[PDB]
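Take a look at this single chain, the form deposited without its partner chain, given in structure tokens.
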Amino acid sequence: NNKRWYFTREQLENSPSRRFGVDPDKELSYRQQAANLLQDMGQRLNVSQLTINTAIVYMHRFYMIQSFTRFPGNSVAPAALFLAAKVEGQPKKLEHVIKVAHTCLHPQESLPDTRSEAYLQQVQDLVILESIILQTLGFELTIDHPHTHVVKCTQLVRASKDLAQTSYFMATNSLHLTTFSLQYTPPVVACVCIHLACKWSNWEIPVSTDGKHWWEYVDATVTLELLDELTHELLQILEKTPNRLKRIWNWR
């Protein structure tokens, strides 16, 4: 059912990777790396952030079933992006995704000869891994795109242009930097991102004309207590990520 790709704290603790020697902390960065590689390749291949996000989720879900010790993120990400792009209506050719993967991962080395057996096998390899990704995901590739949720919550609080841009930024970074999307529904994540965005922007969302808090209009299950914990975790990771907070930092 619709609880299959959602996990508990304890489940996240006992990941496939954990059972193979990988610390929580190491694994979390493995995802962050793969997510970077995705973002980098996606930008160079000129696909949408939506497509890249889809890939990142394929990546996250994938590693709740497989371990980084068997499948290195550098091999899985290109395959995941190659898949995401077809799924989302922006197919990139297999050669092209391989060229771009290569430059990203070896900015020095030169692309082999398409004629080579070396190259021909890395083509077979990507196609194989796309296959393993498909199987691992149980062929369930329709993702609930999280941006649109955020947009509707900023509209729902007549947010400034700036307050929405900041929200969108939290939103995107949470996907790269946390496993929130494996733990909480897209509606909730967006509340998290809008809450943190308000705090950062020192913006106060007025209580309802009733007394109801803004988030109750989005996901009944959302309690302030929760937002505070999630926005805390997100912010800690942000503070650890060089130059990132600089992008939304008021300088005037």
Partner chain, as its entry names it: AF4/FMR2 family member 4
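The term rigid core refers to the maximal set of C-alpha atoms that superpose within 1.5 Å between the two forms. Residue numbers count along the first chain shown, from 1.
Note on 141-149 and 87-95: with rigid core alignment, C-alpha atoms in 7 other deposited structures of this protein sit farther from this form for 141-149.
Larger root-mean-square CA separation from the shown form, computed after a rigid core fit of the structures in 7 other deposited structures of this protein, is seen for 203-211 when 203-211 is set against 52-60. When the mean C-alpha temperature factors of 192-200 and 207-215 are read from the deposited coordinates, 207-215 comes out higher. For the two regions 243-251 and 1-9, the entry's Cα B-factors average higher over 1-9. Highest C-alpha temperature factor among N74, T172, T114, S131, as the PDB entry reports it: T114. You'll see in the entry that, of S160, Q90, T179, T142, the Cα B factor peaks at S160. When the modelled residues of the chain are ordered by their C-alpha B factor, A101 lands in the middle third. For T136, the recorded CA B-factor ranks within the lowest third of the chain. Only modelled residues enter the ranking. Sort the chain's modelled residues by C-alpha temperature factor and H149 lands in the middle third, per the entry. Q32 sits in the middle third of its chain by CA B factor, as recorded in the PDB entry. Among the modelled residues of the chain, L38 sits in the lowest third by CA temperature factor in this PDB entry.
We do not show the form deposited with its partner chain bound, though everything after this point is about it.
Contact annotation for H232: at least one heavy atom lies within 4.5 Å of its partner chain in the deposited complex.
Put simply, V189 is far from its partner chain in the deposited complex: not one heavy atom of it is within 4.5 Å. Among heavy atoms of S116, none comes within 4.5 Å of its partner chain in the deposited complex. Its partner chain is not drawn, but in the deposited complex it has no heavy atom within 4.5 Å of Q121.
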